[PDB]
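A.B. asks: Sharing a structure with you now.
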Amino acid sequence: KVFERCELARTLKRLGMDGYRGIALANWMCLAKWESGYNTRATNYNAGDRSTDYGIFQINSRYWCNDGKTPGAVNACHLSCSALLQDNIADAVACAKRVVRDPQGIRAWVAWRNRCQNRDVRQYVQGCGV
């Protein structure tokens with residue numbers, strides 16, 4: 001499913017993402033926009049290390065979810081990577097919350113550093129009623 005901007009913003013707020021571990025809602029929106037364009041079925045194989053990024057937040061199979069084909073992988077979210085490709089983003093959100101519980105926080109995604117950090121991210125939630 002490809003979410004519309006404000007629809008996703010309202011959905012994430014309802015799932016408790018606003019201010020989670022100090023991360024404002026607009027940062028999660030900026031992250032989803034650049035990682036997948038708000039698309040839950042987005043997948044990206046990394047030929048370099050044989051891992052795959054899954055879903056709206058592009059969560060990696062080496063550390064977070066299990067896809068069975070990634071070498072030396074762990075499954076910290078205790079989920080099949082399949083769960084991160086559903087239209088209902090509840091599992092994806094639960095796993096993204098797990099990712100940021102680590103010391104790096106939102107910085108765990110390099111795309112956040114490149115396109116969101118130190119920027120005016122208000123635009124991502126403006127007019128959405130959140």
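With the authors' numbering as the guide, the letters of the sequence shown map in order to residues 1 to 130.
C-beta: ideal position from N, C-alpha, C; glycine also.
#1: Taking C-alpha atoms, which residue in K69, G48, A32 and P71 lies nearest to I59?
#2: So the candidates are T11, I23, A9 and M17; which of them puts its Cα closest to the Cα of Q104?
#3: Give the DSSP-derived three-state secondary structure of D91 in the structure shown.
#4: In chain order, what residues of the same chain have a beta carbon less than 7 Å from the beta carbon of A26, not counting five sequence neighbours either side?
#5: Starting from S36, follow the alpha helix (DSSP H) in both directions and report where the run begins and ends.
#6: For a quick check, are the C-beta atoms of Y45 and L84 less than 7 Å apart?
#7: Can you tell me which of the three DSSP states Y20 falls into?
C.D. replies: A quick look at the data gives this:
#1: As a first step, residue 59 is located in the sequence shown; it is residue number 59 there, counting from the start. Residue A32 holds the alpha-carbon nearest to the alpha-carbon of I59 among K69, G48, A32 and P71.
#2: Against the sequence shown, residue 104 aligns to sequence position 104. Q104 has its Cα closest to that of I23, out of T11, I23, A9 and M17.
#3: By one-based count along the sequence shown, residue 91 stands at place 91. Here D91 sits in helix by DSSP.
#4: As a working note, residue 26 is residue 26 in the sequence shown. Close CB contacts of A26 within its chain, under the 7 Å cut and outside five residues either way in sequence, are with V121, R122, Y124 and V125 (chain order).
#5: As a position in the sequence shown, residue 36 is number 36, starting the count at 1. Its alpha helix (DSSP H) spans residues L25 to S36.
#6: Taking the sequence shown and counting its residues from 1, one reaches residue 45 at position 45. Taking the sequence shown and counting its residues from 1, one reaches residue 84 at position 84. By the CB criterion at 7 Å, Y45 and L84 fall outside the cutoff.
#7: In the sequence shown, the residue the question calls residue 20 occupies position 20. It is a strand residue.
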